[PDB]
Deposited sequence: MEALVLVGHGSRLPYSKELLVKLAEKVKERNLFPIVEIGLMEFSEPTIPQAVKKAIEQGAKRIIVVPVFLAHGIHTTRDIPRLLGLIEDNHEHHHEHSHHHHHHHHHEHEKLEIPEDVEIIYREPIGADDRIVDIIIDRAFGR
């Protein structure tokens, strides 16, 4: 009855969708969620509305939307909550959208940065 929907920026290059895809597969490997979908905000399919619809059609009533972004910006504060109809201007009927928080300045990010700095 819960779905994880991972949402990404999307690009004209393919690396953004590749990332969402690898992440979704990695969370699928962890067996924690009934349903797991990805959506991209601009330029790529699936789109965020499509991903949400797909999760409802598989029978989820609680949709957990996690924005896979480092920081808040225009997309996480306006565009995405719009697309999800959480803010005025698709149609869910009797499900609840749970819009989570971006990655932010997590200690794990600093771990990744130090590794990356040393080429690991």
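Asker: In sequence order, name the stretches of the deposited sequence that have no C-alpha in these coordinates.
Answerer: Residues missing from the model, as numbered along the full deposited sequence, span only 90-112.
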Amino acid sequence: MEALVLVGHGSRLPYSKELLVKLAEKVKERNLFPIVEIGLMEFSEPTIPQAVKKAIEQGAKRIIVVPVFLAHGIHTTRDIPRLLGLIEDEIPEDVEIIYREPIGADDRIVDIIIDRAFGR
From here on, numbers count along this sequence of modelled residues.
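Asker: On mean Cα temperature factor in this entry, is 90-98 or 22-30 the higher one?
Answerer: Mean B over CA atoms: larger for 90-98.
Asker: Quick check: 65-73 versus 51-59, which has the larger average CA B-factor in the record?
Answerer: Per the PDB entry, the higher value belongs to 51-59.
Asker: Checking the record values for 117, 7, 4, 1, which has the greatest CA B factor?
Answerer: Of the options given, 1 has the highest CA B-factor in the PDB entry.
Asker: By the recorded C-alpha temperature factor, relative to the other modelled residues in its chain, which third is residue 45 in?
Answerer: Its C-alpha B-factor belongs to the highest third of this chain's values.
Asker: Of the three thirds of its chain by CA temperature factor, lowest, middle or highest, which one includes residue 38?
Answerer: It belongs to the lowest third of the chain when residues are ordered by C-alpha B-factor.
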